[PDB]
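Student: For reference, this is my_file-v1.txt, and it has compact mmCIF, C-alpha atoms and all ligand atoms.
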# COMPACT_ATOMS: atom_id res chain seq x y z
CA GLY A 33 -46.64 -63.12 -50.06
CA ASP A 34 -42.93 -62.17 -50.15
CA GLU A 35 -42.06 -65.70 -51.48
CA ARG A 36 -44.54 -65.32 -54.41
CA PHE A 37 -43.30 -61.80 -55.37
CA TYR A 38 -39.69 -63.05 -55.67
CA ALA A 39 -40.50 -66.45 -57.30
CA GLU A 40 -43.12 -65.24 -59.87
CA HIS A 41 -42.33 -61.52 -60.63
CA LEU A 42 -38.92 -60.15 -59.48
CA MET A 43 -36.63 -63.17 -60.19
CA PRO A 44 -37.92 -63.95 -63.76
CA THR A 45 -37.36 -60.23 -64.58
CA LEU A 46 -33.78 -60.38 -63.14
CA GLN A 47 -33.15 -63.61 -65.15
CA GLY A 48 -34.55 -61.88 -68.27
CA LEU A 49 -32.19 -58.86 -67.86
CA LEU A 50 -28.90 -60.27 -66.55
CA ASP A 51 -26.67 -63.29 -67.20
CA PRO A 52 -26.24 -65.59 -64.11
CA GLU A 53 -22.72 -64.27 -63.21
CA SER A 54 -23.91 -60.65 -63.46
CA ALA A 55 -26.93 -61.54 -61.27
CA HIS A 56 -24.57 -63.19 -58.72
CA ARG A 57 -22.32 -60.08 -58.59
CA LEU A 58 -25.40 -57.84 -58.08
CA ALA A 59 -26.70 -60.22 -55.36
CA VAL A 60 -23.36 -60.10 -53.46
CA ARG A 61 -23.30 -56.28 -53.80
CA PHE A 62 -26.93 -55.86 -52.60
CA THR A 63 -26.46 -58.33 -49.72
CA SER A 64 -23.17 -56.69 -48.54
CA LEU A 65 -24.77 -53.21 -48.36
CA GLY A 66 -27.79 -54.50 -46.36
CA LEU A 67 -30.32 -53.27 -48.98
CA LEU A 68 -32.52 -56.37 -48.43
CA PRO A 69 -35.03 -56.05 -45.52
CA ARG A 70 -34.26 -57.94 -42.27
CA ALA A 71 -35.69 -61.47 -42.00
CA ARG A 72 -38.95 -61.38 -39.95
CA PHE A 73 -38.69 -65.05 -38.79
CA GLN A 74 -37.50 -65.38 -35.15
CA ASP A 75 -35.78 -68.78 -34.79
CA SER A 76 -37.39 -71.07 -32.18
CA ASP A 77 -35.29 -72.92 -29.57
CA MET A 78 -36.05 -76.24 -31.34
CA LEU A 79 -33.93 -75.11 -34.34
CA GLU A 80 -30.84 -74.69 -32.12
CA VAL A 81 -27.96 -77.17 -32.66
CA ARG A 82 -24.72 -77.60 -30.67
CA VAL A 83 -21.94 -79.07 -32.80
CA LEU A 84 -18.26 -78.48 -33.80
CA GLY A 85 -17.66 -76.69 -30.43
CA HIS A 86 -20.32 -74.04 -31.26
CA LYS A 87 -24.00 -73.13 -30.81
CA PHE A 88 -25.92 -72.75 -34.12
CA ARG A 89 -29.12 -70.70 -33.65
CA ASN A 90 -30.65 -72.48 -36.71
CA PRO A 91 -29.24 -75.35 -38.84
CA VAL A 92 -29.57 -73.61 -42.27
CA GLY A 93 -26.36 -72.06 -43.66
CA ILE A 94 -25.23 -70.46 -46.93
CA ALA A 95 -22.99 -72.89 -48.83
CA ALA A 96 -19.55 -71.94 -50.17
CA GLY A 97 -19.50 -70.17 -53.54
CA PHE A 98 -22.06 -67.45 -52.98
CA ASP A 99 -19.66 -65.29 -50.99
CA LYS A 100 -16.27 -66.43 -52.27
CA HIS A 101 -14.34 -63.40 -50.92
CA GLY A 102 -15.88 -62.57 -47.47
CA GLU A 103 -17.77 -59.47 -48.75
CA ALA A 104 -21.40 -60.15 -47.66
CA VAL A 105 -21.09 -62.09 -44.34
CA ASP A 106 -23.22 -59.70 -42.21
CA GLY A 107 -25.90 -59.35 -44.90
CA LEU A 108 -26.09 -63.14 -45.07
CA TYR A 109 -26.81 -63.31 -41.27
CA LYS A 110 -29.45 -60.57 -41.79
CA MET A 111 -31.13 -62.92 -44.32
CA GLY A 112 -31.61 -65.45 -41.45
CA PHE A 113 -28.85 -67.98 -42.14
CA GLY A 114 -27.70 -69.67 -38.93
CA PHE A 115 -24.11 -69.78 -40.19
CA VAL A 116 -22.06 -68.46 -43.11
CA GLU A 117 -19.39 -70.30 -45.07
CA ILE A 118 -17.20 -68.05 -47.23
CA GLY A 119 -14.89 -69.22 -50.03
CA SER A 120 -13.35 -71.17 -51.63
CA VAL A 121 -10.29 -68.93 -51.05
CA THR A 122 -6.98 -69.75 -52.79
CA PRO A 123 -3.54 -68.56 -51.45
CA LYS A 124 -2.75 -66.20 -54.31
CA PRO A 125 -5.33 -64.14 -56.22
CA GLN A 126 -6.55 -65.83 -59.43
CA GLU A 127 -9.17 -64.99 -62.08
CA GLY A 128 -10.78 -68.41 -62.61
CA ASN A 129 -11.90 -69.85 -65.95
CA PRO A 130 -12.93 -67.74 -68.98
CA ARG A 131 -16.52 -66.50 -69.28
CA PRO A 132 -19.20 -67.71 -69.72
CA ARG A 133 -18.81 -69.97 -66.68
CA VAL A 134 -22.25 -70.10 -64.94
CA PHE A 135 -25.43 -71.48 -66.51
CA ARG A 136 -29.07 -71.69 -65.39
CA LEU A 137 -31.19 -74.77 -66.11
CA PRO A 138 -34.58 -73.34 -65.00
CA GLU A 139 -36.53 -76.44 -66.20
CA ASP A 140 -34.47 -78.51 -63.69
CA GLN A 141 -34.16 -75.93 -60.89
CA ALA A 142 -30.42 -76.46 -61.44
CA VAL A 143 -27.24 -74.53 -62.06
CA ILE A 144 -24.06 -75.63 -63.81
CA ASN A 145 -20.87 -73.73 -62.93
CA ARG A 146 -17.21 -73.87 -63.97
CA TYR A 147 -15.79 -70.85 -62.06
CA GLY A 148 -12.40 -72.54 -61.39
CA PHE A 149 -11.70 -70.92 -57.98
CA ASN A 150 -11.94 -67.23 -58.84
CA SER A 151 -10.52 -65.72 -55.65
CA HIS A 152 -9.22 -62.46 -54.26
CA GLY A 153 -6.72 -64.60 -52.34
CA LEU A 154 -5.87 -65.15 -48.70
CA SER A 155 -4.36 -61.70 -47.94
CA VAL A 156 -7.39 -59.70 -49.22
CA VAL A 157 -9.84 -62.04 -47.44
CA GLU A 158 -7.70 -61.92 -44.22
CA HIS A 159 -7.82 -58.12 -44.03
CA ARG A 160 -11.56 -58.12 -44.75
CA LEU A 161 -12.28 -60.60 -41.92
CA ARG A 162 -9.95 -58.66 -39.59
CA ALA A 163 -11.98 -55.47 -40.11
CA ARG A 164 -15.14 -57.12 -38.64
CA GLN A 165 -13.40 -59.66 -36.38
CA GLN A 166 -14.85 -58.61 -33.01
CA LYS A 167 -18.30 -58.26 -34.60
CA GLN A 168 -17.90 -61.91 -35.65
CA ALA A 169 -16.78 -63.00 -32.14
CA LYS A 170 -20.07 -61.54 -30.81
CA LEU A 171 -22.10 -63.20 -33.62
CA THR A 172 -20.46 -66.60 -32.86
CA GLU A 173 -21.15 -66.22 -29.11
CA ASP A 174 -24.80 -65.38 -30.06
CA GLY A 175 -25.01 -68.63 -32.14
CA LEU A 176 -24.00 -67.36 -35.63
CA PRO A 177 -20.65 -69.00 -36.60
CA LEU A 178 -18.37 -68.44 -39.59
CA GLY A 179 -16.80 -71.07 -41.80
CA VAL A 180 -13.94 -70.51 -44.21
CA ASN A 181 -13.57 -72.80 -47.20
CA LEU A 182 -9.99 -73.27 -48.48
CA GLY A 183 -8.95 -74.09 -52.03
CA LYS A 184 -5.86 -74.60 -54.11
CA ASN A 185 -4.31 -72.34 -56.78
CA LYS A 186 -4.40 -73.65 -60.38
CA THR A 187 -0.62 -73.49 -60.96
CA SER A 188 0.50 -74.68 -57.46
CA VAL A 189 2.86 -77.70 -57.31
CA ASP A 190 2.31 -78.73 -53.63
CA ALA A 191 -1.47 -78.87 -52.92
CA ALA A 192 -0.99 -79.55 -49.19
CA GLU A 193 1.11 -76.38 -48.86
CA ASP A 194 -1.71 -74.26 -50.44
CA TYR A 195 -4.09 -75.70 -47.80
CA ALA A 196 -1.48 -75.28 -45.03
CA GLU A 197 -1.10 -71.57 -45.96
CA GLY A 198 -4.92 -71.25 -45.79
CA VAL A 199 -4.99 -72.74 -42.25
CA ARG A 200 -2.27 -70.34 -41.00
CA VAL A 201 -3.80 -67.19 -42.56
CA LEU A 202 -7.59 -67.73 -42.15
CA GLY A 203 -7.77 -70.44 -39.42
CA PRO A 204 -7.44 -67.74 -36.73
CA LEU A 205 -10.48 -65.87 -38.16
CA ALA A 206 -12.74 -68.94 -38.56
CA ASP A 207 -14.95 -71.12 -36.33
CA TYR A 208 -14.45 -73.91 -38.84
CA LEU A 209 -12.15 -74.53 -41.81
CA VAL A 210 -13.17 -76.57 -44.90
CA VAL A 211 -10.62 -78.52 -46.92
CA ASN A 212 -12.27 -78.49 -50.32
CA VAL A 213 -10.92 -81.47 -52.26
CA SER A 214 -14.19 -81.85 -54.27
CA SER A 215 -14.34 -78.97 -56.83
CA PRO A 216 -14.95 -80.48 -60.31
CA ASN A 217 -13.31 -77.38 -61.97
CA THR A 218 -9.61 -77.54 -60.95
CA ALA A 219 -7.57 -80.27 -62.71
CA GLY A 220 -6.54 -83.18 -60.41
CA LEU A 221 -8.17 -81.77 -57.23
CA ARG A 222 -10.63 -84.64 -56.71
CA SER A 223 -7.64 -87.06 -56.79
CA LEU A 224 -6.90 -85.63 -53.28
CA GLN A 225 -9.99 -87.59 -51.99
CA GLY A 226 -8.04 -90.86 -52.58
CA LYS A 227 -6.84 -92.56 -49.36
CA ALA A 228 -3.03 -91.91 -49.32
CA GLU A 229 -3.21 -88.40 -50.88
CA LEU A 230 -6.00 -87.55 -48.41
CA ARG A 231 -4.16 -88.97 -45.35
CA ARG A 232 -0.97 -86.95 -46.20
CA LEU A 233 -3.00 -83.80 -46.94
CA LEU A 234 -5.08 -83.90 -43.76
CA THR A 235 -2.14 -84.89 -41.51
CA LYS A 236 -0.42 -81.67 -42.65
CA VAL A 237 -3.65 -79.59 -42.26
CA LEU A 238 -4.44 -80.83 -38.69
CA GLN A 239 -0.82 -80.25 -37.69
CA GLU A 240 -0.95 -76.63 -38.93
CA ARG A 241 -4.30 -76.19 -37.17
CA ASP A 242 -3.03 -77.70 -33.86
CA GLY A 243 -0.15 -75.16 -34.00
CA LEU A 244 -2.65 -72.28 -33.67
CA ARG A 245 -3.34 -70.77 -30.20
CA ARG A 246 -6.36 -72.43 -28.46
CA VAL A 247 -8.83 -69.53 -28.69
CA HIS A 248 -7.96 -69.15 -32.45
CA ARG A 249 -8.16 -72.86 -33.23
CA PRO A 250 -10.97 -73.90 -35.67
CA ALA A 251 -12.66 -77.22 -36.37
CA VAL A 252 -11.41 -78.83 -39.65
CA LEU A 253 -14.01 -80.33 -42.04
CA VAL A 254 -13.46 -82.11 -45.40
CA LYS A 255 -15.86 -81.32 -48.29
CA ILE A 256 -16.47 -84.28 -50.58
CA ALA A 257 -17.90 -84.97 -54.00
CA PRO A 258 -21.26 -86.72 -54.70
CA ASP A 259 -19.52 -88.84 -57.44
CA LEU A 260 -17.39 -91.12 -55.24
CA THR A 261 -17.14 -94.86 -55.64
CA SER A 262 -18.01 -97.07 -52.61
CA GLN A 263 -14.21 -97.65 -52.22
CA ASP A 264 -13.56 -93.87 -52.06
CA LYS A 265 -16.25 -93.30 -49.43
CA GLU A 266 -15.06 -96.19 -47.21
CA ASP A 267 -11.48 -94.84 -47.53
CA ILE A 268 -12.52 -91.27 -46.59
CA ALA A 269 -14.45 -92.57 -43.54
CA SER A 270 -11.36 -94.51 -42.44
CA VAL A 271 -8.97 -91.51 -42.86
CA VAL A 272 -11.44 -89.20 -41.06
CA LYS A 273 -11.68 -91.52 -38.00
CA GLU A 274 -7.93 -92.32 -37.95
CA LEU A 275 -6.88 -88.60 -37.93
CA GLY A 276 -9.79 -87.17 -35.89
CA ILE A 277 -11.24 -84.93 -38.59
CA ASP A 278 -13.95 -82.79 -36.95
CA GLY A 279 -16.55 -83.23 -39.72
CA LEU A 280 -17.66 -83.68 -43.29
CA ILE A 281 -19.47 -81.38 -45.74
CA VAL A 282 -21.57 -83.68 -47.96
CA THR A 283 -21.67 -82.71 -50.94
CA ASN A 284 -20.10 -80.55 -53.58
CA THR A 285 -21.61 -80.29 -57.11
CA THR A 286 -21.90 -83.35 -59.36
CA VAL A 287 -20.02 -84.00 -62.66
CA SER A 288 -22.83 -86.42 -63.52
CA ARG A 289 -25.76 -85.44 -65.72
CA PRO A 290 -28.76 -87.36 -64.38
CA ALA A 291 -31.20 -88.86 -66.86
CA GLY A 292 -34.09 -86.43 -67.34
CA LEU A 293 -32.38 -82.98 -67.35
CA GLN A 294 -34.32 -80.68 -69.73
CA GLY A 295 -32.29 -77.48 -69.67
CA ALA A 296 -30.79 -76.53 -73.03
CA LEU A 297 -27.44 -75.98 -71.27
CA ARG A 298 -27.28 -79.49 -69.64
CA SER A 299 -24.13 -80.49 -71.62
CA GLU A 300 -22.09 -77.49 -70.37
CA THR A 301 -18.87 -78.51 -68.57
CA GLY A 302 -18.98 -77.95 -64.82
CA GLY A 303 -20.52 -78.92 -61.54
CA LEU A 304 -24.30 -79.43 -61.42
CA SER A 305 -26.21 -78.13 -58.39
CA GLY A 306 -29.85 -77.84 -57.31
CA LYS A 307 -32.78 -80.24 -57.47
CA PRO A 308 -31.05 -82.95 -59.66
CA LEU A 309 -28.26 -83.22 -57.05
CA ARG A 310 -30.62 -83.47 -54.06
CA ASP A 311 -31.17 -87.20 -53.48
CA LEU A 312 -27.69 -88.09 -54.70
CA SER A 313 -26.42 -85.77 -51.91
CA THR A 314 -28.85 -87.19 -49.28
CA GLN A 315 -27.73 -90.74 -50.05
CA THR A 316 -24.06 -89.71 -49.73
CA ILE A 317 -24.89 -88.22 -46.27
CA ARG A 318 -26.65 -91.52 -45.44
CA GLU A 319 -23.59 -93.64 -46.36
CA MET A 320 -20.98 -91.34 -44.72
CA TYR A 321 -23.00 -91.23 -41.45
CA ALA A 322 -23.18 -95.04 -41.34
CA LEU A 323 -19.47 -95.50 -42.19
CA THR A 324 -18.54 -92.98 -39.43
CA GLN A 325 -20.96 -94.67 -36.90
CA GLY A 326 -22.75 -91.33 -36.30
CA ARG A 327 -19.62 -89.89 -34.59
CA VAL A 328 -18.44 -87.37 -37.22
CA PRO A 329 -20.71 -84.27 -37.69
CA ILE A 330 -22.01 -83.89 -41.25
CA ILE A 331 -23.10 -80.66 -42.94
CA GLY A 332 -25.64 -81.68 -45.59
CA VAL A 333 -25.73 -79.75 -48.87
CA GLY A 334 -27.20 -80.36 -52.36
CA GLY A 335 -30.63 -79.32 -53.67
CA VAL A 336 -32.15 -78.00 -50.41
CA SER A 337 -35.02 -75.64 -51.23
CA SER A 338 -37.58 -76.66 -48.58
CA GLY A 339 -38.16 -77.85 -44.99
CA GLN A 340 -38.72 -81.42 -46.21
CA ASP A 341 -35.38 -81.31 -48.11
CA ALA A 342 -33.57 -80.11 -44.99
CA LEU A 343 -35.22 -82.72 -42.74
CA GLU A 344 -34.39 -85.58 -45.14
CA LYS A 345 -30.69 -84.67 -44.85
CA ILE A 346 -30.93 -84.23 -41.06
CA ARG A 347 -32.65 -87.60 -40.66
CA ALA A 348 -30.10 -89.15 -43.09
CA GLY A 349 -27.29 -87.94 -40.77
CA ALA A 350 -26.72 -84.18 -41.20
CA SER A 351 -26.34 -82.02 -38.08
CA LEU A 352 -26.51 -78.85 -40.19
CA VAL A 353 -27.54 -78.07 -43.76
CA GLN A 354 -26.55 -75.57 -46.41
CA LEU A 355 -28.17 -74.18 -49.56
CA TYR A 356 -27.08 -72.00 -52.44
CA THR A 357 -28.81 -72.82 -55.80
CA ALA A 358 -32.32 -72.43 -54.27
CA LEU A 359 -31.46 -68.77 -53.68
CA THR A 360 -30.92 -68.21 -57.43
CA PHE A 361 -34.51 -69.38 -58.20
CA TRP A 362 -36.61 -68.44 -55.11
CA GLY A 363 -34.64 -65.46 -53.74
CA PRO A 364 -34.04 -64.51 -50.04
CA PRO A 365 -37.50 -65.72 -48.88
CA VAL A 366 -36.34 -69.35 -49.28
CA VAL A 367 -34.28 -69.04 -46.05
CA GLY A 368 -37.31 -68.22 -43.84
CA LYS A 369 -39.42 -70.74 -45.75
CA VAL A 370 -36.97 -73.67 -45.21
CA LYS A 371 -36.79 -72.89 -41.42
CA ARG A 372 -40.56 -72.40 -40.93
CA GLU A 373 -41.33 -75.68 -42.74
CA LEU A 374 -38.52 -77.58 -40.92
CA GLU A 375 -39.97 -76.41 -37.57
CA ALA A 376 -43.51 -77.57 -38.63
CA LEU A 377 -42.20 -80.96 -39.85
CA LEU A 378 -40.20 -81.61 -36.64
CA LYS A 379 -43.38 -81.04 -34.60
CA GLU A 380 -45.48 -83.26 -36.91
CA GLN A 381 -42.98 -86.16 -36.65
CA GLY A 382 -42.63 -85.93 -32.83
CA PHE A 383 -39.14 -84.41 -32.53
CA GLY A 384 -38.51 -81.97 -29.66
CA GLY A 385 -35.86 -80.38 -31.87
CA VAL A 386 -33.35 -80.66 -34.71
CA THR A 387 -30.90 -82.54 -32.42
CA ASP A 388 -33.39 -85.39 -31.87
CA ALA A 389 -33.95 -85.72 -35.65
CA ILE A 390 -30.20 -86.07 -36.58
CA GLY A 391 -29.63 -89.59 -37.94
CA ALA A 392 -33.19 -90.69 -37.01
CA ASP A 393 -33.55 -92.83 -40.20
CA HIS A 394 -30.61 -94.99 -38.98
CA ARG A 395 -32.52 -95.83 -35.76
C1 LIG B 401 -21.83 -70.83 -58.68
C2 LIG B 401 -21.40 -71.85 -57.65
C3 LIG B 401 -20.14 -71.69 -57.05
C4 LIG B 401 -19.69 -72.59 -56.07
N1 LIG B 401 -18.47 -72.41 -55.50
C5 LIG B 401 -17.99 -73.24 -54.54
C6 LIG B 401 -16.66 -73.06 -53.89
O1 LIG B 401 -15.92 -72.11 -54.20
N2 LIG B 401 -16.25 -73.93 -52.95
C7 LIG B 401 -17.01 -74.97 -52.55
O2 LIG B 401 -16.57 -75.74 -51.67
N3 LIG B 401 -18.24 -75.20 -53.08
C8 LIG B 401 -18.78 -74.41 -54.05
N4 LIG B 401 -20.06 -74.63 -54.62
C9 LIG B 401 -20.82 -75.80 -54.16
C10 LIG B 401 -21.87 -75.43 -53.13
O3 LIG B 401 -21.20 -74.96 -51.96
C11 LIG B 401 -22.74 -76.65 -52.82
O4 LIG B 401 -21.89 -77.70 -52.34
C12 LIG B 401 -23.53 -77.21 -54.02
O5 LIG B 401 -23.92 -76.22 -54.97
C13 LIG B 401 -24.79 -77.95 -53.62
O6 LIG B 401 -25.72 -77.10 -52.97
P1 LIG B 401 -26.96 -76.39 -53.72
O7 LIG B 401 -27.68 -77.50 -54.46
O8 LIG B 401 -27.76 -75.79 -52.61
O9 LIG B 401 -26.31 -75.34 -54.59
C14 LIG B 401 -20.56 -73.74 -55.63
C15 LIG B 401 -21.82 -73.86 -56.25
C16 LIG B 401 -22.28 -72.98 -57.23
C17 LIG B 401 -23.65 -73.24 -57.82
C1 LIG B 402 -25.28 -67.71 -59.60
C2 LIG B 402 -25.98 -66.87 -58.55
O1 LIG B 402 -25.35 -66.74 -57.52
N1 LIG B 402 -27.21 -66.30 -58.81
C3 LIG B 402 -28.02 -65.52 -57.94
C4 LIG B 402 -29.10 -64.81 -58.49
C5 LIG B 402 -29.96 -64.05 -57.68
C6 LIG B 402 -29.76 -63.98 -56.29
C7 LIG B 402 -30.63 -63.19 -55.33
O2 LIG B 402 -31.69 -64.06 -54.94
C8 LIG B 402 -31.25 -61.86 -55.82
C9 LIG B 402 -31.79 -61.10 -54.58
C10 LIG B 402 -32.37 -59.73 -54.92
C11 LIG B 402 -31.36 -58.86 -55.68
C12 LIG B 402 -30.93 -59.61 -56.94
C13 LIG B 402 -30.26 -60.92 -56.52
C14 LIG B 402 -28.71 -64.71 -55.74
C15 LIG B 402 -27.86 -65.46 -56.53
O1 LIG B 403 -15.13 -72.33 -58.19
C1 LIG B 403 -15.68 -73.32 -58.70
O2 LIG B 403 -15.65 -73.51 -59.93
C2 LIG B 403 -16.35 -74.38 -57.88
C3 LIG B 403 -15.72 -74.89 -56.75
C4 LIG B 403 -16.35 -75.91 -56.04
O3 LIG B 403 -15.83 -76.38 -55.01
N1 LIG B 403 -17.54 -76.37 -56.48
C5 LIG B 403 -18.12 -75.87 -57.60
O4 LIG B 403 -19.22 -76.31 -57.99
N2 LIG B 403 -17.52 -74.89 -58.28
CL CL B 404 -9.79 -83.89 -63.24
CL CL B 405 -18.91 -98.10 -56.96
Using the file provided, produce a representation of the structure as structure tokens.

Tutor:
Amino acid sequence: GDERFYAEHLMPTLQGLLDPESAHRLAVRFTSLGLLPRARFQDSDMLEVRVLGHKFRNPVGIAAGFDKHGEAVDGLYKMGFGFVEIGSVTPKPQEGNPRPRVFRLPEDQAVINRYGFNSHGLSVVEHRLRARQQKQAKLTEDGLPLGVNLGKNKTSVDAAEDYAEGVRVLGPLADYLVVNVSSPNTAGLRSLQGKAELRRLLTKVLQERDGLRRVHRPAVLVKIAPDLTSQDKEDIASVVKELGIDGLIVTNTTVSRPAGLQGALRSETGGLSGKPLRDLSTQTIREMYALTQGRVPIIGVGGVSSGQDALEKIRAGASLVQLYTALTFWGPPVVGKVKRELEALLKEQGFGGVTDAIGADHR
């Protein structure tokens, strides 16, 4: 009903009128004001997950990039997301790359983007989170946590110091922090996933984090690329277990262009998201879960647009999942649809809940 109206009528009209960045800006604006109707789906108890020192009412979150600046957090919970990740946020304000910088590939159910960390900056985001801070403390207690994804300024010399600044400013306002070292659109950023660079970076991050007061102390997760060599992945797993990193977000967008893409804009520079990323992302979750012996919580992200997609990542090793690109094609009804189908699939496969399904393929 509502799924068909968005998918077949409203979204093709929106795509026909507005460029993808303009449509994104309108989506953030409409979501922030609460103009969308409240999600009718009540989450069952079997969707509840306990991870990262928090209850999650459902395991389906909004991935970083949709709400870069912390403008639409409450509207995103109203849509039925079990958790919200804002960002990436850089220390100073910066504009990002020149337009055009977002591209639809509707034949692939994919997006390519090269935003380049457009960000209002830490100070603006700080004050915005402060204004609704006690509302968030209640939401978190009710099972609706907030993640903050940290990035690096384009012109910064010391990358670790950009991330350190992010921990000090927004760590107190977050349930979890994400060290994004996997954007394909900032020069040299993915080099930070290498063993020695990563160990130095995360030592400094965890130290800054441990210096926060206990009640204001977030979990620290590392967000990784889907384009890593076997050597890179094994090295990340090692660094993560050595330092006691709280989790992994698996994965960012891909710089690959899989055989079979049909979209006219497939050769645009940027990160590819959506359906062509999906199995590449699931396999990365599979490998990272095995290398970490199932002891490091994974948030699974990349081409989730259904209950099956979510459950494949969960079973591969993900404790929670995120989606973004699916929202650009199917609209807000995708959130309810993913959760409803997940719940049905868990019952069909003999799982009492999400928790029982996590890493089930490895057993
Ligand atoms: C327009 C756009 C902007 C994004 N911005 C960010 C970002 O700022 N930080 C980040 O860590 N990931 C970012 N991502 C990556 C997503 O969070 C996610 O990892 C990826 O798109 C795979 O999920 P999906 O297939 O559901 O989109 C962005 C993705 C898109 C499509
Ligand atoms: C790149 C990007 O972010 N594109 C995007 C496009 C559409 C939407 C929303 O589904 C749509 C809901 C109803 C109001 C219009 C916006 C979200 C993201
Ligand atoms: O801002 C961006 O360009 C961006 C960041 C990121 O982490 N991932 C992505 O696909 N785009
Ligand atoms: Cl590079
Ligand atoms: Cl390899």

Student: Could you list, as a list in words, all residues that come within 8 Å of ligand CL 405 (chain B)? Count only C-alpha atoms and all ligand atoms.

Tutor: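 Going residue by residue within 8 Å of ligand CL 405 (chain B), we get residues 260, 261, 262 and 263 of chain A.
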
Student: What does the distance between CA of residue 228 (chain A) and CA of residue 201 (chain A) come to in Å, to one decimal place?

Tutor: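 Here the two named atoms are 25.6 Å from each other.
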
Student: Need the shell around region 359-375 of chain A: protein/DNA/RNA residues with any atom at most 7 Å away, counting all atoms listed in the file. Skip same-chain ones fewer than 4 positions apart. Format as a PyMOL selection string?

Tutor: chain A and resi 34-35+38-39+43+73+79+111-113+337-340+342-343+379

Student: Once you count all atoms listed in the file, what closest atom pair and distance in Å to one decimal does each residue of chain A within 10 Å of ligand CL 404 (chain B) have, with rows by chain and rising residue number, as JSON lines?

Tutor:
{"residue": "A:215", "atom": "CA", "partner": "B:CL404", "partner_atom": "CL", "distance": 9.3}
{"residue": "A:216", "atom": "CA", "partner": "B:CL404", "partner_atom": "CL", "distance": 6.8}
{"residue": "A:217", "atom": "CA", "partner": "B:CL404", "partner_atom": "CL", "distance": 7.5}
{"residue": "A:218", "atom": "CA", "partner": "B:CL404", "partner_atom": "CL", "distance": 6.8}
{"residue": "A:219", "atom": "CA", "partner": "B:CL404", "partner_atom": "CL", "distance": 4.3}
{"residue": "A:220", "atom": "CA", "partner": "B:CL404", "partner_atom": "CL", "distance": 4.4}
{"residue": "A:221", "atom": "CA", "partner": "B:CL404", "partner_atom": "CL", "distance": 6.6}
{"residue": "A:222", "atom": "CA", "partner": "B:CL404", "partner_atom": "CL", "distance": 6.6}
{"residue": "A:223", "atom": "CA", "partner": "B:CL404", "partner_atom": "CL", "distance": 7.5}

Student: Which residue is closest to residue 243 (chain A)? Choose from A:65, A:199, A:104, A:210 and count all atoms listed in the file.

Tutor: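 Nearest to residue 243 (chain A): A:199.
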
Student: Which residues are near ligand LIG 403 (chain B) in this structure, taking near to mean any atom at most 9 Å from a ligand atom and counting all atoms listed in the file? Format them as a ChimeraX atom specification.

Tutor: /A:96-97,100,119-120,128-129,133-134,144-151,181,183,212-218,255,257,284-286,302-305

Student: Determine the nearest neighbour of ligand LIG 401 (chain B) from the options A:249, A:395, A:231, A:56, counting all atoms listed in the file.

Tutor: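 Checking each candidate against ligand LIG 401 (chain B), we get A:56 as the closest.
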
Student: Produce the centre coordinates and the three edge lengths, each in Å to one decimal, of the box along x, y and z that contains all listed atoms of ligand LIG 401 (chain B) with 5 Å added on each side, as AutoDock Vina command-line options.

Tutor:
--center_x -21.8 --center_y -74.4 --center_z -55.2 --size_x 21.8 --size_y 17.1 --size_z 17.0

Student: Could you check how far CA of residue 196 (chain A) sits from CA of residue 237 (chain A), in Å to one decimal?

Tutor: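 So the two atoms, CA of residue 196 (chain A) and CA of residue 237 (chain A), lie 5.6 Å apart.
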
Student: Taking 5 positions as the minimum chain separation for residues in the same chain, which residues sit within 7 Å of region 323-333 of chain A when counting all atoms listed in the file? Answer as JSON, numbers by chain.

Tutor: {"A": [266, 269, 278, 279, 280, 281, 282, 283, 313, 317, 345, 349, 350, 351, 352, 353, 354, 355]}

Student: Env of residue 165 (chain A): 12 Å cut, atoms = only C-alpha atoms, seq-sep filter 2 positions within chain, self excluded. Answer as a PyMOL selection string.

Tutor: chain A and resi 102+105-106+157-163+167-172+177-178+202+204-207+248

Student: Include C-alpha atoms and write out the residues we just selected as a short mmCIF file (atom, residue, chain, number, x, y, z; two decimals), in the frame of the given file.

Tutor:
data_model
loop_
_atom_site.label_atom_id
_atom_site.label_comp_id
_atom_site.auth_asym_id
_atom_site.auth_seq_id
_atom_site.Cartn_x
_atom_site.Cartn_y
_atom_site.Cartn_z
CA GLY A 102 -15.88 -62.57 -47.47
CA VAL A 105 -21.09 -62.09 -44.34
CA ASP A 106 -23.22 -59.70 -42.21
CA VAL A 157 -9.84 -62.04 -47.44
CA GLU A 158 -7.70 -61.92 -44.22
CA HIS A 159 -7.82 -58.12 -44.03
CA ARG A 160 -11.56 -58.12 -44.75
CA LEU A 161 -12.28 -60.60 -41.92
CA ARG A 162 -9.95 -58.66 -39.59
CA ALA A 163 -11.98 -55.47 -40.11
CA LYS A 167 -18.30 -58.26 -34.60
CA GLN A 168 -17.90 -61.91 -35.65
CA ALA A 169 -16.78 -63.00 -32.14
CA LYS A 170 -20.07 -61.54 -30.81
CA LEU A 171 -22.10 -63.20 -33.62
CA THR A 172 -20.46 -66.60 -32.86
CA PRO A 177 -20.65 -69.00 -36.60
CA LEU A 178 -18.37 -68.44 -39.59
CA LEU A 202 -7.59 -67.73 -42.15
CA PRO A 204 -7.44 -67.74 -36.73
CA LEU A 205 -10.48 -65.87 -38.16
CA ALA A 206 -12.74 -68.94 -38.56
CA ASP A 207 -14.95 -71.12 -36.33
CA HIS A 248 -7.96 -69.15 -32.45
#

Student: Please compute the CA of residue 293 (chain A)-CA of residue 50 (chain A) distance, one decimal, in Å.

Tutor: 23.0 Å

Student: Name the closest residue to ligand LIG 401 (chain B) among the candidates A:381, A:315, A:239, A:141; distances are taken between atoms, counting all atoms listed in the file.

Tutor: A:141
